[PDB]
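One structure is given below, encoded as structure tokens.
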Amino acid sequence: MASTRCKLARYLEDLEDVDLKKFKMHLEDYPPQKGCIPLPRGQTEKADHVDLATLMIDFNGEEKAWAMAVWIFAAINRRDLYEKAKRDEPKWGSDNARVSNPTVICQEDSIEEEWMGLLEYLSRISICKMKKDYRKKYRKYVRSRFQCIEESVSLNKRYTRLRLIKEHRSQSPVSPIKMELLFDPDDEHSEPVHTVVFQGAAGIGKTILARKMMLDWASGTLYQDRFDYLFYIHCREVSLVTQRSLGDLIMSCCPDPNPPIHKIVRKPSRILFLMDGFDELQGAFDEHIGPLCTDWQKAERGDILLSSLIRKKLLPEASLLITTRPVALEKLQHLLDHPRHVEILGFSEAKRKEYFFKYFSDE
Amino acid sequence: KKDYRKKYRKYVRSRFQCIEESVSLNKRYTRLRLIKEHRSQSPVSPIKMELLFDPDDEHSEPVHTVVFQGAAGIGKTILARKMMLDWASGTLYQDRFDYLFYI
Amino acid sequence: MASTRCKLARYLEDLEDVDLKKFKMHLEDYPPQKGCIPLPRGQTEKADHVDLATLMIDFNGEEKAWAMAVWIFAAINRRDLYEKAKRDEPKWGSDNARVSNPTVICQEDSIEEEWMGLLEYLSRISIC
Amino acid sequence: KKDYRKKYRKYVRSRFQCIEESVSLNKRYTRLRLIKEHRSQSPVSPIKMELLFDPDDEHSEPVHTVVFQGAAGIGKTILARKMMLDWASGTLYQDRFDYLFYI
Ligand SMILES: CC(C)(O)c1coc(S(=O)(=O)NC(=O)Nc2c3c(cc4c2CCC4)CCC3)c1
Ligand SMILES: CC(C)(O)c1coc(S(=O)(=O)NC(=O)Nc2c3c(cc4c2CCC4)CCC3)c1
Ligand SMILES: CC(C)(O)c1coc(S(=O)(=O)NC(=O)Nc2c3c(cc4c2CCC4)CCC3)c1
Ligand SMILES: Nc1ncnc2c1ncn2[C@@H]1O[C@H](COP(=O)(O)OP(=O)(O)O)[C@@H](O)[C@H]1O
Ligand SMILES: Nc1ncnc2c1ncn2[C@@H]1O[C@H](COP(=O)(O)OP(=O)(O)O)[C@@H](O)[C@H]1O
Ligand SMILES: Nc1ncnc2c1ncn2[C@@H]1O[C@H](COP(=O)(O)OP(=O)(O)O)[C@@H](O)[C@H]1O
């Protein structure tokens, strides 16, 4: 009963020659954002099976070495060894002494996929690092501000897959791109594109759509999970001469007593601002106002802050979504280039009845 | 996986015993006859418990429907309770199959 | 000037151990220039200086093996080795190899047939 | 494996001592003579403790039966208690063998 190094050596002894060569490449070339360290080519190539297991533990420690072995097994299509290592990770845990009262924890619950997953995050120091603290909080917070009055108590039940004919380039493919990859361009085309705009008549529901679009992705919900953050901002509160910074604008969404904005200032183009209603903007607004803004934290004028944000000169990679009234387009269209115009339409004949299916309680 | 398993198993297991005659069931097993209709247009293959759902070589991998024909009072109601009781502890039954639903 | 392998082996000896590790990594990761095939990781790491020079010649040929070394020396920043490789251009004759049955990439390959006898008669005049 | 081991060992160990003459047994060992009948149709191989069950080169790997012949009062009853007491602590005895059953 020694295992670990010996358990790993046993799987490695099951690799065919071709499999071993590839397993070793992967070790030597291990992808660099796991909290894992690749292994040197000399020692790796030279190592027999038991020595390779020892080398993996010496370089990365037990738990990471095991994770690396599992990933590589999948990668070289040895799914047998992938499933065997996955089922025999806390399998020596069953053959472990109770030691009477648990000094910290019994540790019996490690086979559970959620618990194994927790252990995988736990010792990551990179996946564990602060990723977890940044995620769950933001998600649940953005989620609980749109329900539970004691009519706005159910929203997804009131969905409809509202029409989304996205303006084909104004000088035939369908590509409705309603939710999945709506921001994404066609083949290449424009990878760093960030601006999308929705055109709909007054009262269509473009204000409703943003609340729904938030509510969808505010649980992951197979939405753009490859995108990290979304920022809802309706311009009812936003006004002129406010002289408030983006952080003040940001903290408006979630008033954190300890604003982590220094960590929100991370990975541009990984964060999306959902601006809502240009019509809501009340007051004068020069689309080409003289003074220019580039400072993120400076207390700047409300329209000026938007001016930089709309021009994206501040936060050059930040994505933007702007529900706009068609009549007010010429102001922003002259202001900003390459806008992903999206025409949104109301319910059809049958859909109108289907709305009453959502609404009414009796035939 | 652990939370999905142990619970379902013990639950499906404790609804068929411990009155204070239905207190022992596996003791009342018998390996009841199981001649599975050969295709209606010789191999034995009783397939009583192991791979009873499984076809022959390939044949039909995604097959899902099996039906038992027996006279009224044979014990087909009893068999399901036994077949549940068998696999409700793994018991070297189709452990390569995850869940069973008695109705 | 009979063997380029020996000259390549001497240059491998000149390489520092860190430079040799970089040289092995570069040989394994060699880019596709002049139809040159990169050495497999296991062979490069296990081979000593003499063996690696032989393996470089066996993999592509003496001329390509020397050319790969000159590029690798520049890549590993071994300027003295890179200058020496540019300074010395060995003759492409060949070193001693235990290829009694000749082998070529084509399926037909080569044999110990009449070709050998003809080559021997052509190169062997006085001894016999 | 751990739950099966320690328990069995200490248990088989504490039933042969500590009265308040049978209080020391290994001290009363002696390496008693063990001439194992050569096949009844010269090698020494006393095989007193190590590989006493083990055959010669191959010969009979799955052999299981060994029998001790001794006069009445020799100590064959004592030997089993000692042989248990030896291996009941591993004691570089047949640790490649898992369990022993005294009866
Ligand atoms: C094409 C053009 C210029 O006429 C146009 C495009 O969008 C607008 S708008 O003014 O901003 N939005 C609306 O008018 N919405 C609306 C409509 C009707 C009735 C009602 C509403 C709102 C509640 C009642 C009839 C059709 C449009 C105008
Ligand atoms: C072949 C055909 C059509 O006759 C047939 C096939 O299955 C049935 S059935 O009606 O549904 N089941 C029974 O009849 N079971 C039964 C039988 C006997 C006695 C008793 C019972 C139940 C308790 C007493 C004698 C043989 C059958 C009919
Ligand atoms: C060879 C044959 C047939 O005579 C034989 C082989 O073993 C036995 S036996 O009967 O079962 N065992 C004994 O007799 N033990 C014994 C002996 C002596 C004295 C005493 C004892 C027991 C205490 C006193 C003298 C020699 C033997 C008989
Ligand atoms: N998808 C939808 N399902 C049901 N009702 C909707 C939907 N979209 C909009 N509405 C209706 O529109 C009203 C709000 O419209 P709003 O979002 O303000 O349109 P706009 O933003 O174009 O003015 C709500 O009363 C709601 O009943
Ligand atoms: N394998 C069996 N062993 C003992 N008794 C059985 C067995 N199968 C059925 N029985 C008897 O049959 C009765 C229930 O039969 P049931 O399952 O209702 O048959 P069916 O479902 O064909 O009507 C029970 O009283 C039981 O005693
Ligand atoms: N190895 C030994 N050392 C000391 N005394 C022994 C030994 N073997 C047997 N005896 C003595 O023999 C007696 C028990 O003999 P027993 O094992 O019953 O022989 P058998 O089993 O042949 O009848 C004890 O009183 C003990 O003193």
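Scheme for the structure tokens: letters A, B, ... for chains in order shown; per-chain residue numbers from 1; ligand numbers from 1 in order shown.
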### Message
For range 75-91 of chain D, find every residue with an atom within 7 Å (counting only C-alpha atoms), except residues of its own chain fewer than 4 positions away, and show them as a PyMOL selection string.
### Response
chain D and resi 9+12-13+25-26+70+95
#### Entry: Shell around residue 1 in chain D at 12 Å using only C-alpha atoms, local window under 6 positions removed, as a ChimeraX atom specification
/A:1-2,92-97 /D:7-8,98
### Close residues, range 272-278 of chain A itself excluded, 8 Å, only C-alpha atoms, min 6 positions apart in chain, as a PyMOL selection string
chain A and resi 207+210+229-235+318-325+328
### Message
Applying 12 Å and only C-alpha atoms, which residues near residue 185 in chain A remain after dropping the ones on its own chain fewer than 2 positions away? List them as a list in words.
### Response
residues 166, 168, 169, 175, 177, 180, 181, 182, 183, 187, 188, 189, 190, 191, 192, 193, 194, 195, 196, 338, 339 and 340 of chain A
Would you tabulate, counting only C-alpha atoms, all residues of chain D that have an atom at most 12 Å from an atom of chain A, showing the closest pair of atoms and their distance in Å to one decimal, sorted by chain then ascending number, as a Markdown table?
```
| residue | atom | partner | partner_atom | distance |
| --- | --- | --- | --- | --- |
| D:1 | CA | A:95 | CA | 6.3 |
| D:2 | CA | A:95 | CA | 6.2 |
| D:3 | CA | A:95 | CA | 7.7 |
| D:4 | CA | A:95 | CA | 10.0 |
| D:5 | CA | A:95 | CA | 11.2 |
| D:6 | CA | A:97 | CA | 11.0 |
```
#### Entry: Shell of 12 Å around range 136-140 of chain A, only C-alpha atoms, local chain residues under 2 positions omitted, as a PyMOL selection string
chain A and resi 130-134+142-146+214-221+225+228-231+251+253-256+259-260+264
Kindly export the residues of the current selection with N, CA, C and O atoms, as a CSV table (one decimal), in the first residue's frame.
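Saved as part14.csv:
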```csv
chain,number,residue,atom,x,y,z
A,130,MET,N,-8.0,33.4,-7.7
A,130,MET,CA,-9.0,34.4,-7.4
A,130,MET,C,-10.2,34.3,-8.4
A,130,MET,O,-11.2,34.9,-8.2
A,131,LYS,N,-10.0,33.4,-9.4
A,131,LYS,CA,-11.0,33.2,-10.4
A,131,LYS,C,-12.4,32.9,-9.7
A,131,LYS,O,-13.3,33.7,-10.0
A,132,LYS,N,-12.4,31.9,-8.8
A,132,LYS,CA,-13.6,31.6,-8.1
A,132,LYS,C,-14.3,32.8,-7.4
A,132,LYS,O,-15.5,33.0,-7.6
A,133,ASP,N,-13.5,33.5,-6.6
A,133,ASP,CA,-14.0,34.7,-5.9
A,133,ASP,C,-14.6,35.7,-6.9
A,133,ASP,O,-15.7,36.2,-6.6
A,134,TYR,N,-13.9,35.9,-8.0
A,134,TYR,CA,-14.5,36.9,-9.0
A,134,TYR,C,-15.8,36.4,-9.6
A,134,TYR,O,-16.7,37.2,-9.9
A,142,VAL,N,-25.7,40.0,-10.1
A,142,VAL,CA,-26.4,40.5,-11.3
A,142,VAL,C,-27.7,39.8,-11.5
A,142,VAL,O,-28.7,40.3,-12.1
A,143,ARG,N,-27.9,38.6,-10.9
A,143,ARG,CA,-29.1,37.8,-11.1
A,143,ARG,C,-30.2,38.2,-10.2
A,143,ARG,O,-31.4,38.2,-10.7
A,144,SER,N,-30.0,38.7,-9.0
A,144,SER,CA,-31.1,39.0,-8.1
A,144,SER,C,-31.5,40.5,-8.0
A,144,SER,O,-31.5,41.0,-6.9
A,145,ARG,N,-31.8,41.1,-9.1
A,145,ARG,CA,-32.4,42.5,-9.1
A,145,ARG,C,-33.5,42.6,-10.1
A,145,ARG,O,-33.8,43.8,-10.5
A,146,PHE,N,-34.2,41.5,-10.4
A,146,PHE,CA,-35.2,41.6,-11.5
A,146,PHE,C,-36.5,40.7,-11.3
A,146,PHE,O,-37.0,40.3,-12.3
A,214,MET,N,-29.4,39.6,-20.0
A,214,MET,CA,-28.7,39.5,-18.7
A,214,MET,C,-29.1,38.2,-18.0
A,214,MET,O,-28.3,37.3,-17.6
A,215,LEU,N,-30.5,38.1,-17.8
A,215,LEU,CA,-31.0,36.9,-17.0
A,215,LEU,C,-30.6,35.6,-17.6
A,215,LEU,O,-30.3,34.6,-16.8
A,216,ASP,N,-30.5,35.5,-18.9
A,216,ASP,CA,-30.0,34.3,-19.5
A,216,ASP,C,-28.6,34.0,-19.1
A,216,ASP,O,-28.3,33.0,-18.4
A,217,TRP,N,-27.6,34.9,-19.5
A,217,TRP,CA,-26.2,34.6,-19.2
A,217,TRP,C,-25.9,34.8,-17.7
A,217,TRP,O,-24.8,34.3,-17.3
A,218,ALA,N,-26.8,35.4,-16.9
A,218,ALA,CA,-26.5,35.5,-15.5
A,218,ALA,C,-26.5,34.2,-14.8
A,218,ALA,O,-26.4,34.2,-13.5
A,219,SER,N,-26.7,33.1,-15.5
A,219,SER,CA,-26.5,31.8,-14.9
A,219,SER,C,-25.7,30.9,-15.8
A,219,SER,O,-25.7,29.7,-15.8
A,220,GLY,N,-24.8,31.5,-16.7
A,220,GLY,CA,-24.1,30.8,-17.7
A,220,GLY,C,-25.0,30.3,-18.8
A,220,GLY,O,-25.0,30.8,-19.9
A,221,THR,N,-25.9,29.4,-18.4
A,221,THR,CA,-27.0,29.0,-19.3
A,221,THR,C,-26.7,28.7,-20.7
A,221,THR,O,-27.4,28.9,-21.6
A,225,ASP,N,-20.3,31.6,-22.3
A,225,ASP,CA,-19.4,31.3,-21.2
A,225,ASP,C,-18.0,31.5,-21.5
A,225,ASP,O,-17.1,31.7,-20.6
A,228,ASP,N,-16.4,36.6,-20.1
A,228,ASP,CA,-16.4,36.6,-18.6
A,228,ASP,C,-17.4,37.5,-18.0
A,228,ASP,O,-18.0,37.0,-17.0
A,229,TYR,N,-17.5,38.7,-18.4
A,229,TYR,CA,-18.4,39.7,-17.6
A,229,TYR,C,-19.3,40.5,-18.5
A,229,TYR,O,-18.9,40.8,-19.7
A,230,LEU,N,-20.5,40.8,-18.0
A,230,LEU,CA,-21.5,41.7,-18.6
A,230,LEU,C,-21.8,42.8,-17.7
A,230,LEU,O,-21.9,42.6,-16.5
A,231,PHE,N,-22.1,44.0,-18.3
A,231,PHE,CA,-22.3,45.2,-17.5
A,231,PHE,C,-23.6,45.8,-18.0
A,231,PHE,O,-23.6,46.4,-19.0
A,251,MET,N,-19.6,50.7,-10.0
A,251,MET,CA,-20.1,50.4,-8.7
A,251,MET,C,-21.6,50.7,-8.6
A,251,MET,O,-22.2,50.3,-7.6
A,253,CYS,N,-23.8,49.5,-10.7
A,253,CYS,CA,-24.4,48.2,-10.9
A,253,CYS,C,-24.4,47.3,-9.7
A,253,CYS,O,-25.4,46.8,-9.2
A,254,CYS,N,-23.2,47.2,-9.0
A,254,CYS,CA,-23.1,46.4,-7.8
A,254,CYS,C,-22.3,47.2,-6.8
A,254,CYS,O,-21.0,47.3,-6.9
A,255,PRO,N,-23.0,47.9,-5.9
A,255,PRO,CA,-22.3,48.7,-4.9
A,255,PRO,C,-21.4,47.9,-3.9
A,255,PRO,O,-21.9,47.6,-2.8
A,256,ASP,N,-20.2,47.5,-4.3
A,256,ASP,CA,-19.4,46.7,-3.4
A,256,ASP,C,-18.8,47.6,-2.4
A,256,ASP,O,-18.2,48.6,-2.7
A,259,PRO,N,-14.8,47.8,-3.4
A,259,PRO,CA,-14.8,47.7,-4.9
A,259,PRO,C,-13.5,47.0,-5.4
A,259,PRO,O,-12.4,47.6,-5.2
A,260,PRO,N,-13.6,45.9,-6.1
A,260,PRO,CA,-12.4,45.2,-6.6
A,260,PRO,C,-11.9,45.7,-7.9
A,260,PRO,O,-11.3,45.0,-8.7
A,264,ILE,N,-11.2,44.5,-11.6
A,264,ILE,CA,-12.1,44.6,-12.8
A,264,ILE,C,-11.3,45.2,-13.9
A,264,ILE,O,-11.6,44.9,-15.1
```
#### Entry: chain A contacts to chain C at 9 Å (only C-alpha atoms) as a count of residues only
8
### Task
Once DSSP has gone over the backbone, tell me which residues of chain B are in alpha helix (DSSP H), as a PyMOL selection string.
chain B and resi 2-13+76-87
With C-alpha atoms kept, could you save the residues just selected as an mmCIF file, in the first residue's frame?
```cif
data_model
loop_
_atom_site.group_PDB
_atom_site.id
_atom_site.type_symbol
_atom_site.label_atom_id
_atom_site.label_comp_id
_atom_site.auth_asym_id
_atom_site.auth_seq_id
_atom_site.Cartn_x
_atom_site.Cartn_y
_atom_site.Cartn_z
ATOM 1 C CA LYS B 2 -21.351 9.954 -5.665
ATOM 2 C CA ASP B 3 -24.377 12.106 -4.697
ATOM 3 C CA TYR B 4 -26.418 10.686 -7.640
ATOM 4 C CA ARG B 5 -25.493 7.044 -6.753
ATOM 5 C CA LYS B 6 -25.651 5.875 -3.053
ATOM 6 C CA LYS B 7 -28.959 7.767 -2.468
ATOM 7 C CA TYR B 8 -30.891 6.341 -5.452
ATOM 8 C CA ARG B 9 -29.589 2.818 -4.686
ATOM 9 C CA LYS B 10 -30.548 2.567 -0.991
ATOM 10 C CA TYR B 11 -33.896 4.308 -1.678
ATOM 11 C CA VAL B 12 -34.997 1.925 -4.483
ATOM 12 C CA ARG B 13 -33.812 -0.859 -2.109
ATOM 13 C CA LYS B 76 -43.869 -11.326 -13.817
ATOM 14 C CA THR B 77 -44.896 -8.811 -11.165
ATOM 15 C CA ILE B 78 -42.626 -10.659 -8.726
ATOM 16 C CA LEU B 79 -39.738 -10.787 -11.207
ATOM 17 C CA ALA B 80 -39.541 -7.000 -11.539
ATOM 18 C CA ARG B 81 -39.397 -6.619 -7.761
ATOM 19 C CA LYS B 82 -36.636 -9.264 -7.688
ATOM 20 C CA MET B 83 -34.838 -7.777 -10.719
ATOM 21 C CA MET B 84 -34.889 -4.415 -8.962
ATOM 22 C CA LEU B 85 -33.752 -5.998 -5.691
ATOM 23 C CA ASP B 86 -30.862 -7.709 -7.481
ATOM 24 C CA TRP B 87 -29.469 -4.644 -9.225
#
```
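Using only C-alpha atoms and all ligand atoms as the basis for the distance check, residues found within 8 Å of ligand 4 are residues 158, 159, 160, 161, 162, 200, 201, 202, 203, 204, 205, 206, 207, 208, 209, 277, 323, 325, 346 and 355 of chain A.
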Contact residues around range 51-68 of chain D with only C-alpha atoms at 9 Å, ignoring same-chain residues under 5 positions, as a short mmCIF file (atom, residue, chain, number, x, y, z; two decimals) with C-alpha atoms, in the first residue's frame:
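See part_15.cif below for the written result:
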```cif
data_model
loop_
_atom_site.label_atom_id
_atom_site.label_comp_id
_atom_site.auth_asym_id
_atom_site.auth_seq_id
_atom_site.Cartn_x
_atom_site.Cartn_y
_atom_site.Cartn_z
CA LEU D 34 12.13 -30.59 10.75
CA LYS D 36 10.58 -33.10 5.68
CA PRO D 46 15.43 -27.92 6.09
CA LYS D 76 3.26 -30.61 17.35
CA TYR D 93 7.46 -15.02 8.00
CA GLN D 94 5.41 -15.68 4.86
#
```
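For range 84-297 of chain A, backbone-based DSSP assignment of strand (DSSP E) covers residues 163, 164, 165, 166, 195, 196, 197, 198, 199, 229, 230, 231, 232, 233, 234, 271, 272, 273, 274, 275 and 276 of chain A.
Every residue having at least one atom no farther than 9 Å from ligand 3 is included below, with only C-alpha atoms and all ligand atoms taken into account: residues 69, 70, 71, 72, 73 and 74 of chain D.
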Export C-alpha atoms of the chosen residues as a short mmCIF file (atom, residue, chain, number, x, y, z; two decimals), in the first residue's frame?
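The new file part-v2.cif reads:
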```
data_model
loop_
_atom_site.label_atom_id
_atom_site.label_comp_id
_atom_site.auth_asym_id
_atom_site.auth_seq_id
_atom_site.Cartn_x
_atom_site.Cartn_y
_atom_site.Cartn_z
CA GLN D 69 4.37 -36.49 11.69
CA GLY D 70 5.55 -36.66 15.28
CA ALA D 71 5.29 -38.95 18.27
CA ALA D 72 2.65 -38.34 20.92
CA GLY D 73 4.00 -35.58 23.14
CA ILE D 74 6.61 -34.22 20.71
#
```
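Residues in contact range of residue 316 in chain A, defined as at most 10 Å between only C-alpha atoms, with sequence neighbours fewer than 4 positions away removed, read residues 194, 268, 269, 294, 308, 309, 311 and 312 of chain A.
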Write to file, as a PDB file, in the first residue's frame, the residues of the selection just made, with C-alpha atoms.
```
ATOM      1  CA  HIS A 194     -16.803  45.131 -30.024  1.00  0.00           C
ATOM      2  CA  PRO A 268     -10.180  44.153 -21.831  1.00  0.00           C
ATOM      3  CA  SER A 269     -12.537  42.703 -24.458  1.00  0.00           C
ATOM      4  CA  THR A 294      -9.018  58.736 -21.978  1.00  0.00           C
ATOM      5  CA  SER A 308     -15.000  58.084 -24.576  1.00  0.00           C
ATOM      6  CA  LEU A 309     -16.862  54.831 -23.937  1.00  0.00           C
ATOM      7  CA  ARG A 311     -15.672  55.950 -29.067  1.00  0.00           C
ATOM      8  CA  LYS A 312     -13.961  53.202 -27.013  1.00  0.00           C
TER       9      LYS A 312
END
```
### Query
What does the distance from atom 2 (C, counted along the ligand's line) of ligand 5 to CA of residue 23 in chain B come to in Å, to one decimal?
13.5 Å
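As for CA of residue 126 in chain C and CA of residue 95 in chain C, they are spaced 21.8 Å apart.
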